[PDB]
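Visitor:
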Amino acid sequence: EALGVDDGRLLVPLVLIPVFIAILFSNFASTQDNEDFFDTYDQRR
Amino acid sequence: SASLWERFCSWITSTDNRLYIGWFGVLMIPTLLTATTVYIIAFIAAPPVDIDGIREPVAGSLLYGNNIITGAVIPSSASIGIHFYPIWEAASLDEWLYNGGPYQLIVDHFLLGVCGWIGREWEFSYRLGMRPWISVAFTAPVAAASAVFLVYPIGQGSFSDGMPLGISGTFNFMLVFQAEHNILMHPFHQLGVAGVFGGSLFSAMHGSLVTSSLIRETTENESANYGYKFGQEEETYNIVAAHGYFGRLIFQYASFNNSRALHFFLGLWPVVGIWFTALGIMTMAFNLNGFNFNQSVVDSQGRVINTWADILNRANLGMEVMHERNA
Amino acid sequence: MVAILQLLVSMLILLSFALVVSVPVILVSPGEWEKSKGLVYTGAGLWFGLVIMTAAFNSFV
Amino acid sequence: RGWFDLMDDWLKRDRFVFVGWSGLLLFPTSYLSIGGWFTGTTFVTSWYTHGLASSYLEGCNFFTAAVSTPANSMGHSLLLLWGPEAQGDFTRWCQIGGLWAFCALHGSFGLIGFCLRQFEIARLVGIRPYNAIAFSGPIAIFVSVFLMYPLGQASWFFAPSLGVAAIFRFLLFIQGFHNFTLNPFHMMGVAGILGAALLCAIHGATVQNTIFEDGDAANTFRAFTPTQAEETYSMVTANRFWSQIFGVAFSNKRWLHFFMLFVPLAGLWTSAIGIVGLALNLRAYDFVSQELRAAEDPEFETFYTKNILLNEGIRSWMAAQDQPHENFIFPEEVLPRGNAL
Amino acid sequence: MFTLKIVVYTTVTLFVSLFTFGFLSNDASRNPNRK
Amino acid sequence: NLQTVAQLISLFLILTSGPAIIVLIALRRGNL
Amino acid sequence: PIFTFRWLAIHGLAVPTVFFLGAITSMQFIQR
Amino acid sequence: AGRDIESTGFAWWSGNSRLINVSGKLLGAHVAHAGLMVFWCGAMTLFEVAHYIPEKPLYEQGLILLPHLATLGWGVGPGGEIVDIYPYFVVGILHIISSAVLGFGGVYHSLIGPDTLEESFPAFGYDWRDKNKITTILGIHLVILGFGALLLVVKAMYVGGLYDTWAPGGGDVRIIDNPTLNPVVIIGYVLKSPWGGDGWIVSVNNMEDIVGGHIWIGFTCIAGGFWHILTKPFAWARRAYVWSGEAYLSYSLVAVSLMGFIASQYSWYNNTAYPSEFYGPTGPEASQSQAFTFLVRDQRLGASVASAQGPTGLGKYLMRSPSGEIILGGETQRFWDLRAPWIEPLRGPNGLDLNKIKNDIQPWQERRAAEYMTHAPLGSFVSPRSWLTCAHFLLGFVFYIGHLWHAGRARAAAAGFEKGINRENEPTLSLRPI
Amino acid sequence: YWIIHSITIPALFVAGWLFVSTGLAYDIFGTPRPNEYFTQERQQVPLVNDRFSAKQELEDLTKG
Amino acid sequence: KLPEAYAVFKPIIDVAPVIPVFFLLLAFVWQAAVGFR
Ligand code: CLA
Ligand code: CLA
Ligand code: CLA
Ligand SMILES: CC1=CCCC(C)(C)[C@H]1/C=C/C(C)=C/C=C/C(C)=C/C=C/C=C(C)/C=C/C=C(C)/C=C/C1=C(C)CCCC1(C)C
Ligand SMILES: CC1=CCCC(C)(C)[C@H]1/C=C/C(C)=C/C=C/C(C)=C/C=C/C=C(C)/C=C/C=C(C)/C=C/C1=C(C)CCCC1(C)C
Ligand SMILES: CC1=CCCC(C)(C)[C@H]1/C=C/C(C)=C/C=C/C(C)=C/C=C/C=C(C)/C=C/C=C(C)/C=C/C1=C(C)CCCC1(C)C
Ligand SMILES: [Cl-]
Ligand SMILES: [Cl-]
Ligand SMILES: [Fe+2]
Ligand SMILES: [Mn+2]
Ligand SMILES: [Mn+2]
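Chains as they are written, first to last, in our numbering: chain A, 1 to 45; chain F, 46 to 372; chain L, 373 to 433; chain H, 434 to 774; chain U, 775 to 809; chain D, 810 to 841; chain R, 842 to 873; chain P, 874 to 1307; chain W, 1308 to 1371; chain V, 1372 to 1408.
Here it is in structure tokens:
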């Protein structure tokens, strides 16, 4: 059951891959200015 | 540029690619390609599928005695119902092919792909700085496809009731749907017919009026299409002349003087019609069938005087008995 | 005991109709709500009183 | 000037409704056809031709009321009111289905008059006559379906009756007796109609979503004026969008509008060819190889064979009431059924 | 059948994660009017 | 039927109550 | 005035239209 | 003026778009629409109780709100029979009377109330771009929703209880003493597959799970409301979303579209939160009831070409499931996933047990099966389940359309080209061809 | 406008009403009344069989 | 069936649920009153 996960090994792609990409995304996120802007969207990128 | 992920994002959302990918395309391309190749392989060489679940398979593949017209990807077995049936949930690959698993694979990946196509149309509209409502127009065929492929099996309880991925299978789906639900008498299919007929009429009318009032920018020895240059800032046809012709063909009041309003109506009419017919299919999936005017006329003695609706019901009954192989 | 309740809720319906017609007209109109501000208060109070009285008499019926 | 010149001047006057020379044919014929259809759907019965009630006087609604085709006893007769069938009797003329012939003939001449009206208005305005060539599509549809098909068949009886449920019955009858969905010309017609609807929707959305910001208002319908020398939408942006979204895009507006004209017209003409083929029972009903395979292999079944069985069911379970003149009497044992196949 | 399932899960998770984190990477700023 | 008459009268009064507000606002020349 | 193309076409539409509306309204109250 | 296209740029048919940047009139419009909803609820409840025929069941009279009130336990006795309609009348009266107050509030805040709120009531004003204030309003309304869920829980456990179809010998109004507060069950329901045989959250088949899940939902909503009141959106959230009224509207639109699809599936399939004594049997329920009635009429007597074990391998109207379990045979094989109270006592570890049907069958089960066979949503009467499912599926689809429209326009307006292409600096003219 | 149309239009509507209520439509258009779909001798559907004797055949069928 | 005291008010209740539709129409009437400005 759960997310179609009838074998524990299936949890390895479902966690390691989202984390790894997130780590890459972290290198993006730390680069961006994370201050408030008070606008409809943030043009700083 | 700043980071590896930033470079990947710049490449994904780049307008310099021959075909725009975008984040919606990141989901659209794999699903659409998978569904395409599985559909081709199944249409060429799939084994026959026991669609009715009573151990009498139906062939729909070219290698099993079908042509292009009669070939189809047979819907999943009635024993499967609407159970999720991937390859790994079948005991063997032969069992998966025998129960119509490739139909479920193609349908699911194709629905994901068309949702990604809607999102990708919006995404490239946003990237180009244009207005985003082309995807709203494209929702109508997507809605119709989801109604004939997903919503109707959900309401009926089996993917075997879905439309087969073929030509003769499509005709069989239409005939069985008419027999079961009398879709011709359903007002939403009537609205869809009005939508498609009006779309054809309005496309022909708009093309005729624009082509009729083409401003002379060419000689007799060449095609008139060369009178228009790509990227030119001037209008290639006289709106006033076409408006006058249309307002003289009918009464003066009936005309679309505003070109933007005319094109908005052109976009609106068939999209609304297809939306209505998709909604009708969705409603009839839960047995909200069309109008029933059977036995609407009787004489003084009480005998039923038949109408054209009675003849339509006779045809529907003739189809119904053939479709139901059981009592 | 039933006729009194029927008359009471009929009066409530009439007062609800009158308030629905009058209150937006009184409030929006620049002329009204200055010489007739208390009329709205009296009408709303009478409406709530009629509601309470109907709820009371519904019990005996 | 002469009398002809003065009449031409009067017919060409800029009135609220243009008359023209073509009006002398269009207005009376179209008016009579529409009035006859209303009269038939309101008062005239089909009891003596089809054994059916099709009129508001008999209790029918908008869907079930129709101007039914003449009786099969009549051949391809013109069914003139003064003709030998009616002999001047209006009641007998209405009872035998002569009002259907009235509507069909005056409506065909009304379509001819409207096509001539399009030609005349195009000539007077001073534009190319790409209307009345687009209308040739509907003209061919009407000629093939309401005129050529019954003429190829036994009588006017098998023509479509002028009604909603009558048209639905005609659809199912043609499917049962001809397998018209399997006809390739009908397939080309379906492709043309669906592609024309697609073109209309996609062109409208593309123009609405590529407009230039020519106004300060959020609602952009006011930003256009007819006396504009500039295009109201960006063709370059639309071409880029559809070239990087679909892989191909229009770059010529004239070619795009000619294509939007051409697709429904070609579809209608192909469907007209298919219906003309049906008129002589020259139908793409069956595939011989598939029938031979199914005959020598009871375990061979495709959706085409299921369609053949469905068409057999429509024919047998409707023949009795759809063709009452034939006096078809089919026992329950001979009626095909899914059970005991 | 398990190896096919793990491959499909890996592929789907990768593509869904790419989609999710791509639309989280300030997608609104990727417009021609951004300064 | 008397109940049909009552339904018609109530429907007429409800349908009148709507435009009556607009008419009164127009008579008093308020913000319409 | 008395005779105009617009006038004649309007009456050719309307005189049958009102006649047919009366006929259909009568059909609505038939015993059927 | 602000009420014309000249001063706003919006035509009359888009006129409520003029309410985006004025707060008081927007609040009045929302309160007026809420009053409309409450008025419809009360009026339709009064209409249904005015047309209620005591002998007929609820699902045979085209009623949709009375089944909702009966599921809550009001005016219903054992077996789903309706005792009195007075509590339904009270519910309708209370809604239709509170509608007057809500309508007055909407009219006041729309017409004569201030157009903007921040200049006079700073505690209620907003800008659609002050993320902290919008999150505070979201948190307050989240607390309200959580308290509503806890109110349903209190009704379930303290005030009267809820109707349960799974009570022995037919459904009955029962107090839910011990709801399922175990997080594993709730998470498994949330993470369950939505396909056939699993059903995701639609397949909740007992009242204890419903009450426990609503406990979790209420407390989670209260906690999230306090969180959003006391916090500000994080850096990843700020850079990902458009911060404007139309964007929030589009988010709500897609949320309610998904909710409408879920509710349509709930009405079509679920027979626990939608009892079959009030909404009628489901389509699978009707088909399986017809098959079970035929099986019973074969076991008794036996002249219907079934007198012994000679036909098939098992008894008549029996076959084996794809996983090997014993199920009802025939065209109803696709509906073997149905679980209904009148058929559960006849089902064992391997499925339907023939001897248990022969001996341990009850007359009320036969009566339920026959009455559900008579009224079939698919066929054997338009079921109220069909009306609810079709209506809310259509609403979900059209609100997905609305979400797409409003989200695209919010993106275009935030970027700044929702009125068209600039024609002075055209974006595609700067891009190189191909 | 309204002066002429306040007399002609209601009179025309009443004439259309009386065209049906007085039974003139059935006589003019040959539409059978609800009590004369099947005669005592002919309980079947009446159908014309010959085109050149259609008038006489309809006279025979509609005589009763 | 309504209670005994409230039976005579069945017609108005029957008119009640279709009131919101009129509200929509009323809005259009208001837009008709101001000239669709
Ligand atoms: C339920 C839906 C709904 C709601 C709540 C609103 C609400 C509002 N609209 Mg919108 N609108 C709607 C539908 C809706 N509209 C539709 C469908 C259209 C298209 C036709 C419009 C078109 C539209 C435009 C074009 C504009 C608005 C504007 C407004 C605002 C003020 C209107 C005004 O000046 O009233 C004036 C109306 C009157 C004086 C007459 C009606 C009087 C009252 C309201 C009748 C209520 C009857 C009720 C029974 C009374 C109960 C009394 C109580 C004590 C019980 C208000 C917030 C305007 C605005 O503020 O923009 C800035 C504006 O410009 N709307
Ligand atoms: C209507 C209710 C509501 C709304 C509009 C919001 C809105 C918001 N919240 Mg809040 N929140 C809520 C309720 C709500 N919250 C509740 C009840 C809780 C308690 C659990 C929280 C706890 C919470 C935290 C702790 C945080 C937010 C944050 C946010 C912001 C970004 C959220 C985001 O990107 O989603 C992201 C969504 C996902 C990653 C998807 C998760 C889905 C989970 C795994 C369940 C999946 C179920 C199912 C399998 C898939 C969906 C099926 C569907 C059909 C139901 C946004 C302002 C964030 C923020 O910036 O604020 C500071 C943040 O950090 N919220
Ligand atoms: C909670 C939901 C919600 C909210 C608050 C809004 C709010 C808004 N929308 Mg959005 N929208 C929604 C849902 C929503 N919409 C959905 C679900 C759809 C898909 C159908 C749309 C499609 C949509 C479009 C296409 C547009 C908007 C626009 C607007 C704005 C102006 C609306 C207006 O003036 O109405 C005016 C009201 C009318 C003209 C009345 C329409 C009546 C409909 C067509 C009849 C439907 C049948 C009816 C219910 C049955 C009654 C029968 C009766 C006729 C007898 C406003 C910001 C417009 C805008 O300015 O964008 C910012 C715009 O262009 N919306
Ligand atoms: C409510 C409703 C819902 C949806 C919207 C809606 C559609 C707008 C609306 C419908 C409203 C409705 C119901 C509208 C209906 C309108 C109607 C019924 C109009 C009827 C017109 C009749 C005509 C023109 C007949 C003329 C007779 C002629 C020419 C005779 C010809 C003769 C014949 C027989 C042949 C021999 C020759 C002669 C003698 C010449
Ligand atoms: C085509 C056309 C023509 C012109 C242009 C157009 C405007 C666009 C269009 C209009 C078309 C149309 C058809 C416009 C029609 C518009 C109409 C008739 C609108 C009527 C609205 C009535 C309302 C809102 C009643 C509210 C009463 C209440 C709440 C009180 C109720 C009750 C009372 C008795 C008291 C208490 C009990 C209860 C039950 C509560
Ligand atoms: C703002 C806006 C601007 C322009 C556009 C717009 C849409 C036109 C407008 C919206 C305006 C809007 C939407 C305004 C909103 C208006 C609303 C929803 C008004 C509600 C009125 C309900 C009443 C009076 C019912 C009272 C019930 C009673 C007395 C029950 C009695 C019962 C008792 C006691 C016992 C039993 C019997 C009964 C009789 C049944
Ligand atoms: Cl079949
Ligand atoms: Cl069966
Ligand atoms: Fe165009
Ligand atoms: Mn089915
Ligand atoms: Mn069937």
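Even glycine gets a Cβ: it sits at the ideal position worked out from N, Cα and C.
Starting from H/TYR481, trace the alpha helix (DSSP H) both ways and give me its first and last residue.
Guide: First-last for H/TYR481: undefined, no H or E at that position.
Visitor: In the DSSP assignment, the alpha helix (DSSP H) including H/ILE572 goes from what residue to what residue?
Guide: It spans 569-575 - the alpha helix (DSSP H) in which H/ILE572 sits, taken as one unbroken run.
Visitor: Name all residues in chain order for which at least one heavy atom of ligand 8 lies closer than 6 Å to the residue's CB.
Guide: Cβ atoms closer than 6 Å to ligand 8 belong to F/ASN371, P/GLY1203, P/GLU1204.
Visitor: For U/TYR783, does the three-state DSSP call read helix, strand or coil?
Guide: Note: U/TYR783 maps to helix in three-state DSSP.
Visitor: At a threshold of 7 Å, does P/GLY979 count as lining ligand 6 (C-beta to nearest heavy atom)?
Guide: Result yes, Cβ under 7 Å from ligand 6.
Visitor: Mapping the DSSP letters down to three states, classify P/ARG1305 as helix, strand or coil.
Guide: Correct three-state label for P/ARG1305: coil.
Visitor: Give the C-beta separation of P/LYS1065 and A/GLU1 to the nearest angstrom, bearing in mind that I take them to be a contact with Cβ-Cβ under 8 Å.
Guide: So it is a contact: roughly 7 Å between Cβ atoms.
Visitor: Which of the three DSSP states is assigned to F/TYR282 in this structure?
Guide: Note: F/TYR282 maps to strand in three-state DSSP.
Visitor: When you compare the CB positions of F/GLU278 and H/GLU646, do they come within less than 8 Å of one another, or not?
Guide: In this structure, H/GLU646 does not lie closer than 8 Å to F/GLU278 by Cβ.
Visitor: Listed in chain order, which residues are found with a beta carbon closer than 6 Å to a heavy atom of ligand 7?
Guide: Here the residues come out as F/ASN217, F/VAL221, F/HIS368, H/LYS739, H/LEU743.
Visitor: Hey, does W/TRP1309 have any beta-carbon neighbour from chain R nearer than 8 Å?
Guide: So, not an interface residue.
Visitor: Does the Cβ-Cβ distance between F/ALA299 and F/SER257 come in under 8 Å?
Guide: Against a cut-off of 8 Å, the Cβ pair of F/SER257 and F/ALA299 comes out as no contact.
Visitor: In chain D, which residues lie with their C-beta within 7 Å of the C-beta of V/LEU1397?
Guide: Within 7 Å Cβ-Cβ: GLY827.
Visitor: At 7 Å on the CB atoms, spell out the chain B contacts of A/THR40, in chain order.
Guide: Reference to chain B is not applicable here, since the protein chains of this structure are A, F, L, H, U, D, R, P, W and V.
Visitor: Could you list which residues in chain D have their beta carbon closer than 7 Å to that of L/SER382, in chain order?
Guide: Chain D residues near L/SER382: none, gap ~12 Å exceeds 7 Å.
Visitor: Run through chain A and tell me which residues come within less than 8 Å of U/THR784, C-beta to C-beta.
Guide: What U/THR784 touches in chain A: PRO13, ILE17.
Visitor: Using the beta-carbon count (16 or more within 10 Å), is H/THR474 buried or exposed?
Guide: Per the 10 Å Cβ criterion, buried.
Visitor: Tell me H/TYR666's beta-bridge partners as DSSP assigns them.
Guide: BP columns for H/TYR666 point to H/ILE644.
Visitor: Using the Cα positions of P/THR1262 and F/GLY237, report the straight-line distance between them to the nearest angstrom.
Guide: Between P/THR1262 and F/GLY237, the C-alpha separation is close to 22 Å.
Visitor: Within 8 Å (strictly less), CB to CB, does P/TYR959 reach chain V?
Guide: With 8 Å as the cut-off, P/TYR959 counts as an interface residue toward chain V.
Visitor: If you measure beta-carbon to beta-carbon, which residues of the stretch 960-994 of chain P are closer than 8 Å to chain L?
Guide: Listed by position, the residues of the stretch 960-994 of chain P near chain L (Cβ gap below 8 Å) are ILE970, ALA973, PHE977, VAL980, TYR981, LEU984, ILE985.
Visitor: Along the chain, where does the beta strand (DSSP E) that runs through P/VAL1046 open and close?
Guide: Start and end: 1045-1047.
Visitor: What do you reckon, are the CB atoms on H/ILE529 and H/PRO503 nearer than 8 Å?
Guide: Result yes, Cβ atoms of H/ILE529 and H/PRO503 sit closer than 8 Å.
Visitor: If you measure beta-carbon to beta-carbon, which residues of the stretch 18-36 of chain A are closer than 8 Å to chain U?
Guide: The residues in question are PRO18, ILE21, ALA22, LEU24, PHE25, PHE28, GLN32.
Visitor: When the Cα atoms are used, what is the spatial distance from F/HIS251 to H/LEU694?
Guide: Taking the straight line from one Cα to the other gives about 7 Å.
Visitor: Inspect the CB distances between the stretch 121-140 of chain F and the stretch 210-220 of chain F and report whether three or more fall short of 8 Å.
Guide: Contact between the stretch 121-140 of chain F and the stretch 210-220 of chain F is absent, because fewer than three Cβ pairs lie under 8 Å.
Visitor: My output table needs one value for P/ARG1282: the three-state DSSP class, helix, strand or coil.
Guide: The answer is helix: DSSP assigns P/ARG1282 an H, G or I state.
Visitor: If we ignore side chains and look at the alpha-carbon of each, how far apart do residue 49 of chain A and P/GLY1289 end up?
Guide: This structure cannot settle anything about residue 49 of chain A, because the visible part of chain A is limited to 1 through 45.
Visitor: Between the C-alpha atoms of P/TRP1073 and P/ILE1059, what's the straight-line distance to the nearest angstrom?
Guide: Straight-line Cα distance between these residues: approximately 11 Å.
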